[PDB]
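**Q** Here we go, the starting part of the complex in its complex frame:
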Amino acid sequence: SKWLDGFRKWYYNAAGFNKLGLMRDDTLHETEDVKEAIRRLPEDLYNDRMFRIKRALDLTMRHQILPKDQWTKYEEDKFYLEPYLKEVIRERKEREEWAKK
Amino acid sequence: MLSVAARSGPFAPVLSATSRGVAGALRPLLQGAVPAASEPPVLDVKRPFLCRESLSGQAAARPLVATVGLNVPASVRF
C-alpha cells in the first residue's frame, strides 16, 4: 500500500546500513548458501561488494557515516544476490528431499 | 662484422643468450620474473613396451575417437 512503502522507507533509514553505503544483500549474514551465492557472483558485482564492505569497515573504524547525498536509497537498492541465493536454496532443498527419499 | 651482434641489429639479444654467472656491478635492464607457472597433473605411469608381441596392436589404424561418461571411464579409441 501507499502507507506500507513509507513505513518501509522509514524502517530502512532506521536500520542504518544505508548510512555506511551498504545494501541488504551485503548486510545479510554469510552462511553456507550465502557463501555459495558469493562464489557464484560475477566478477564486477563481487568487486563492488568487496569494496563496499571494505569502505564500511573503514567507516565503522572511524565511527563516521557517509554524507546524506552519498547514502544509498531505497529505490536503487538493487537485489543482486537474490536470484543466486534463491537458486542455491532451491538446489539445497532438492538435495534435502533426495536425502529424505 | 663477423659476429651476430654486428650483423643483426635488433636480433642480437634474440640470437645471443647471455647468462651472468656472477652478478655484475651494474644492474641489468629487463630483469624478468617467473609468474608461477602451473604444474601438470600427476597420473599413473603407462607401461613400457619391450617385446614385439606385446608391442603389436598399438599402431593406430582408425580415426581417433574420445568417450566420456557419467559413471564410465573416459576412453580413447584409435
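**A** Received, thanks. Numbering: from 1, shown residues only, chains lettered A, B, ... in the order given.
**Q** from here on, contacts and neighbour counts on C-alpha atoms
**A** OK.
**Q** Show me what the strand or helix carrying residue A:88 packs onto, helices and strands only.
**A** Take DSSP states H and E as the rule and residue A:88 turns out to sit in helix A:81-100. Judged by 3 or more C-alpha pairs under 8 Å, 6 or more residues apart in numbering or on different chains; DSSP states H and E, helix A:81-100 is in contact with helix A:32-40.
**Q** quick one: contacts of the helix it packs on?
**A** A:46, A:81, A:84-85, A:88-89 (C-alpha atoms under 8 Å, 6 or more residues apart in numbering or on different chains).
**Q** ok so, going back, can you mark which positions in the helix holding residue A:88 are buried?
**A** Across helix A:81-100, burial judged by 16 or more other C-alpha atoms under 10 Å in any protein chain shown covers A:81, A:84-85, A:88-89.
**Q** ok, now stretch B:27-38?
**A** Under 16+ other C-alpha under 10 Å, stretch B:27-38 has no buried positions.
**Q** tell me the two of the buried residues of helix A:81-100 that are most distant?
**A** Farthest pair in those (C-alpha to C-alpha) is A:81 and A:89. Separation: 12.0 Å.
**Q** Can you tell me what sits against the helix or strand hosting residue B:54?
**A** In this assignment (DSSP H and E), residue B:54 forms part of helix B:52-55. By C-alpha under 8 Å, 6+ apart, the residues outside helix B:52-55 that reach it are residue B:49.
**Q** The following sequence is to be added as chain C:
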Amino acid sequence: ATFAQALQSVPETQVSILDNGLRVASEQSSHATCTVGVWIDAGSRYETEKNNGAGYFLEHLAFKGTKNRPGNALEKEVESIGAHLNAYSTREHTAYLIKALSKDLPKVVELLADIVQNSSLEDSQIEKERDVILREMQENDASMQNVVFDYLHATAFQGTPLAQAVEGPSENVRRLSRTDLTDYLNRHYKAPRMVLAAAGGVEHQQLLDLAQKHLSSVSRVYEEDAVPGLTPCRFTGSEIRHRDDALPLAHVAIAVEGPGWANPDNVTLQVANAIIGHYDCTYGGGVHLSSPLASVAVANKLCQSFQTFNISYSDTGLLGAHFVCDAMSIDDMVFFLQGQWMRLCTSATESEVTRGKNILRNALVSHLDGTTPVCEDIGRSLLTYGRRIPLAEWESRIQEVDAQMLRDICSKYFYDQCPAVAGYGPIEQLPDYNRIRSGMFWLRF
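**A** If we add chain C to the chains shown above, we get the following:
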C-alpha cells in the same frame, strides 16, 4: 514388454556331453558371427610350484605351431578366414577363443581341436617364447595394478597354490623344459574339464557333430592313475608393503575372504560392491555422484581412482577395494572406505539397496550383450557352477536380495575380519595393520 518378459525372451543355451565327458555348450542368436572357445579347468591353483609357468608357456606356444599345421600355418589359416584369435589364463581357468563368421565354424572348431590336442612344442620356439616371457614379465612388473593384485593374491593365499602368479617366477620360466610342458598337457588338458562353448549364429546340432568329429579322442584317462584333487586354500589376514618412494602414485588394495563360486551370497556381495561403487578421475559425475565414497573423494580430492572387486575361486575369493591415490591421501581414503563398508554393514537403507540392485541389473545385461562375453559366461558357468545360470534365475536372486539380508551378509563377510593389504609405492601414509583392523570394527555398534 517388461524386464522379466525380456529375460524370458532371452534364448536358452544347450549343454551336451561327449563320450569322453567333454562338455559342449551353445547359445544361438541372430548374429551373423560366432564366438567359439575352449575353456580348460586348469591353472596356477593346480600348478605345484615346479611348473609354475607351464600354463603361461602353453598359451604362448599353442599358436606357434601344431603337428598338422606347423609353425605359422595355423596363423595363415586364421588370417585367411579373417577370424580374430585370443587366449588368456586366470588362476583357475585357461581359455582359447575364436571370433569368426557363421560359415567358417568347421574350420574354427578343427583349429581349436588341433590347438588343444596336437600342439607341437619345438625347442627353438620354446627358447624364443621364453625370451618373450622374460620381456613380458619385465613389462608387467612395470605395470602398477598387476603388481598389487599379485601381491594381494600372495599375501592372502600364502602357502597355497593360489598365491603364485599366473606367469610364474622367472627362475621357473628359465628352468622349465619341454618335458614339463608335455607333463602339464597330459595331466591337465583332460576331456571332462574342457567346455567347448559357442555363441551366436551357431547350431548346437552342427556343433555337437563337429565336436564328435574332432574332440572325441582327448584321452580322459590318466597316465598311472595320477589323478589330482581340489584342495582348499586358507585365507590369511596379512599385508605386503613394497615401498618405493620415487614412483608418482600409490596403489593400495584391501580385501577379505570371499564366498566362492557356488555360494549364493555372490549376488548380495556384488550388490554391496555396487553400493560402494567405483570412481575414476575422468568421471563426469563430480560432487553429485550417488556413491557417497565417490562423492567424498571428489569433495576432498583424495584418490585418482578406486574400484571394488569380487574375485571368486573354488570355495574362496578375494573381495574388496583397490585404489590409486597420491602419497598424502592414503590414510583418509582407507578411513572413508572402511566407513562406507561398515555403513553398509550396520545401517543399509532400502533406497540405496534398490539403487545397487538396478546397477547390478544393468551391469549383468550390459556384460552379457555380445557373442564373446556370452561365450565367456557359458564357459565360466559350466566350469564353476556345472551349469549355465539363466538371466531369469539371476533376476530372481536380485528380487530375493533386499536390505536386511544384505546387512546380515555384509556383517558376516566384512565386520571384524582380518584383511589382506597390498601396497605399492609411496605408502608411508598407509596405516598400520592394527589401525586398519581398528577401522575394521566400530566402537558404536
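**Q** so, the contacts of helix B:52-55 revisited with chain C in the model?
**A** Contact with helix B:52-55 is made by B:49, C:132, C:136, as judged by C-alpha under 8 Å, 6+ apart.
**Q** For the closest residue to chain C within chain A, list the residues it contacts.
**A** Residue of chain A nearest chain C, by C-alpha to the nearest C-alpha: residue A:101 (7.3 Å). By C-alpha under 8 Å, 6+ apart, residue A:101 lies in contact with residue C:351.
**Q** What separation is there between it and residue A:34?
**A** Counting by C-alpha to C-alpha, to the nearest Å, the gap from residue A:101 to residue A:34 is 26 Å.
**Q** follow-up on the earlier one: angle of the helix holding residue A:88 against helix A:32-40?
**A** 130 degrees (axes from the mean of the first three to the mean of the last three C-alpha atoms, to 10 degrees).
**Q** Please compute how far helix A:81-100 lies from its chain's middle.
**A** 19 Å (C-alpha atoms, centre = their mean, to the nearest Å).
**Q** do stretch A:14-28 as well
**A** On C-alpha atoms, centre = their mean, the centre of stretch A:14-28 falls 7 Å from that of its chain.
**Q** Return the residues in contact with the spatially closest residue to residue B:44 that is not a sequence neighbour.
**A** By the measure of C-alpha to C-alpha, 6 or more residues apart in numbering or on different chains, the closest residue to residue B:44 outside its immediate chain neighbours is residue C:249, 6.5 Å from it. Residue C:249 makes contact with B:42-44, C:324-327, C:425-426, according to C-alpha under 8 Å, 6+ apart.
**Q** Chain D follows; place it on the structure:
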Amino acid sequence: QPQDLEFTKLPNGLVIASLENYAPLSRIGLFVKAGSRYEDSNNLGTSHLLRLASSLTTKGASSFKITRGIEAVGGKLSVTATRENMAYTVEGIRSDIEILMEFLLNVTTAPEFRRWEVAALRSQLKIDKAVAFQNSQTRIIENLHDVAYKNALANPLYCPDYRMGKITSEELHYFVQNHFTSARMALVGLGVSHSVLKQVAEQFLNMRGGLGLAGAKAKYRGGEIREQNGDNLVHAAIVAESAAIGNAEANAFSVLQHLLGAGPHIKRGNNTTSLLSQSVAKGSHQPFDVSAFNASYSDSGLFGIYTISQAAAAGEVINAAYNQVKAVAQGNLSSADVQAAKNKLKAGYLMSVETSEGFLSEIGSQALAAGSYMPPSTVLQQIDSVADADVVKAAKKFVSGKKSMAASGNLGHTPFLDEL
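**A** With chain D now in place:
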C-alpha cells in the same frame, strides 16, 4: 517389429530410426554433427567442453537430478565424440527408458551452461586431456591431422592449453545454438517403440532452426612436424589424402588398409599375412609395430603408414614399410591376398555390428551421413564388389600424393619427408 528397422524422417530434417528387438537393455542415441570440425580459430576446445559439460544443470533438470536419477536407474549416459560428430547415448531398463530419454533430451536440447559450472569444469578439461595424452598415439594422430589440414580438421579434438581458462558459456551457447539444430541430428533407438521415439521427437526436438553453419571443406596442406621427447620408442605416421565416406575409392582404400595390415587378429602373434609386418620383419631384429592407418571423413580422407619402432631402427622400419606400399602400388599383389583382406574387412565390420553399442553407433553414423539405412548384406556386397585394380589405384594415389608426417620420440635417425 523385430524383423526390420523402422525408419522415418520428420519434415524439419530430423531422422528417427528404431528397432524393437525386445532386448532387456534399451538404448537411445542422439547423433549430432557438432564435433571439433565446426570450430574456427576463435572457439577451439568448445566441443571438448560441451562433451565434458554433458552433465550440467539444464532447463528442466538439474545436474544433481540428472546424476542421481540416472545412477538410481543404473543406466549409463555417455558421449562419444569424433572430429565429425558427437553421440549422446543413454542405456537402461525398458521401464525407465522414458525418464532416461527425458534426461537425455533435457541435457542435449536445453542446457543452461552456468558460468560457475564451466569455470569448475575447465580443470576437468585439463585432467582429461592429460589422461588422453597418457599414451603417445593420441598425440601423434592429433599432430597428424593438424599438419594434414589447413582448417576444419586441424582443430584439435581436445582443448588447447591456452584455451583452458578461456572458453566461455557464451561460446558454448553459441556453438549449441549454431550446431545442435534439428536438421543435423538423428534420434535412433534399440529396444524402443517408433511411436514413443517420434512422440518425444516432436515433444523436444521441434524447436531448433535448420541446417546451421556449414563448415570449411577441410583443405589439405601437407607437411611434417617432429616432437622429440626422448621416449624409448619412436612413433611416426606418414599419410596422404584419400577418398571421403561414400565412395568406391574409399572402399578400395579400406580394403588396401586391411591388405597392408590394420592390426593383429592373433594375440602375441607374428602377423604373418600383413605385408607391412612381413616386409619390416624381413630386415629387422628389433621390436616393431607397423600398420596401415585409414581415416575417412565427410569430404576428405587420410591413408598412410603408422610405425612404432626403436630410435636406431626407425629409418629402416619406415623405409621398409614405404617400399612395401610402393611395391603394392607398382602391382606386386595376389588375388588370394586381396580376397583374404576382403574377408578380414567383412569379419571386422560384422564384429563391429554384432555388439549393440557398435550397432547403435553404426545406425547413428549412417543416419547422419546418408539419411538412409544400408543393410549389412548390401555393405558386404559392395565390399565384395571392390576390385583389386582399384586397390592398386588407391596405393598409387597414396604413393603419388602429397605427404603429411607426424613423428615423436628420439629422432636422431628418423628420416624426413624429402628423404622418403
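**Q** Once more for the contacts of residue C:249, now including chain D?
**A** B:42-44, C:324-327, C:425-426.
**Q** Would you mind checking which of those residues is nearest to chain D?
**A** Using C-alpha to the nearest C-alpha, residue B:43 comes nearest to chain D of the contacts of residue C:249, at 7.3 Å.
**Q** okay but that closest one is in contact with residue D:129, surely?
**A** No: taking C-alpha atoms under 8 Å as the definition, residue B:43 is not a contact partner of residue D:129, at 11.5 Å.
**Q** Now for residue D:13: which residues touch it?
**A** D:182-184, D:210.
**Q** Could I get those residues in CSV, plus columns for neighbour count and secondary structure?
**A** Below are the contacts of residue D:13 laid out as CSV (neighbours: other C-alpha atoms under 10 Å in any protein chain shown; DSSP: H, G, I helix; E, B strand; the rest coil):
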residue, neighbour count, secondary structure
D:182, 24, helix
D:183, 22, helix
D:184, 22, helix
D:210, 16, coil
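**Q** quick one, phi psi at the closest residue to chain D within the stretch 301-445 of chain C?
**A** Closest residue of the stretch 301-445 of chain C to chain D, C-alpha to the nearest C-alpha: residue C:359 (4.1 Å). As for residue C:359, its main-chain torsions (degrees, to the nearest 10) stand at phi -60, psi -40.
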